[PDB]
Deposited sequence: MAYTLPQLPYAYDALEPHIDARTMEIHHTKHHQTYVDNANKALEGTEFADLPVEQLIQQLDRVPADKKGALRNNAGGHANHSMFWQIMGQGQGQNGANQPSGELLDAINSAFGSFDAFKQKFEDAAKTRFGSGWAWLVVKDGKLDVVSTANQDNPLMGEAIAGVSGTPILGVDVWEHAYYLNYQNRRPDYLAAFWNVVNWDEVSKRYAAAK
C-alpha cells in the first residue's frame, strides 16, 4: 500500500550542494527499499490503509513481531518522503516562521548553529529535526529511522517535524566523505523555506 513518490525536481537539481549520483541512489535504492520492506511488514494487518505519518504515531498498537520492522521501514519512508519536499532548486525564511524562530532561538543564525550542533552530535545513523511542540519550536535529533511523530516512548523525543536533515553516511559520503560539517553547510543552500513555512502553518 505504499509507493515510492516522484521527486519534485531532477536528480541533478541540487548540484553542487548534493551530487546527482547520491540523489539517484538515495531515492531509487534506499528509499525504495524502505517502501518495499514496509509493505512486506504490513501484509495481512489492519494497518495497511493508514497514511504513513499516521501509522508511525500508532506503533504501540501493531503486533509485537512487526513493531521493529515497521518502526525502521515505515519510519524510513516517512522520513525520506518529507526530506525530498523540504529541499529545492542568502536563503532564509520569512513571515511568521521567521518570527517563531526569533522567539525560540534568538535569531536565524542562532537557530542554524543549534540545528547543526544537533546534526553533528548524533553518533552513528540518524536525523536532526526542527519540530513544533505545543505551538513552540525546538531542535531534536533521532537515531536510525526514528521520527519525533513516534513519540517520547519510542524515539526519545516528540513534536511535529517541519524540517529535517538526513545524517546517515549514505546521504553525504560520495561528495563529502567524513566531512559531515561541510555537508551541513551546503544543506542550507537547498532548503525550501516556502515548504517549511507551509508545514509550520499546518502544525500549530
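Residues of the deposited sequence missing from the coordinate set occupy positions 1, 91 to 96.
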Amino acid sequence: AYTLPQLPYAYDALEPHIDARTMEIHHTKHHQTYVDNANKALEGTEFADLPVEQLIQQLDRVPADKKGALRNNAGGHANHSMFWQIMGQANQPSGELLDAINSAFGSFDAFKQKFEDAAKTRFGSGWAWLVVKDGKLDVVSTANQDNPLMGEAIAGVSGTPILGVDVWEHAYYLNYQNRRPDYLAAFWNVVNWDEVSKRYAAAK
From here on, numbers count along this sequence of modelled residues.
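In this crystal structure, the stretch out of 30 to 38 and 58 to 66 whose C-alpha atoms carry the higher mean B factor is 58 to 66. Here the stretch with the larger average CA B-factor, out of 45 to 53 and 156 to 164, is 45 to 53.
Each of 98, 130, 78, 119 has a CA temperature factor in the record; the biggest one is found at 98.
Sorting 125, 72, 91, 85 by the CA temperature factor given in the entry leaves 91 at the top.
When all modelled residues of the chain are sorted by CA temperature factor, residue 174 is found within the lowest third. Split the chain's modelled residues into thirds by C-alpha temperature factor. Residue 15 is in the middle one. Sort the chain's modelled residues by C-alpha temperature factor and residue 143 lands in the lowest third, per the entry.
Ranked against the other modelled residues of its chain, the C-alpha B-factor of residue 194 as given in the entry falls in the highest third. Compared with the other modelled residues of the chain, the Cα B-factor recorded for residue 111 ranks in the middle third.
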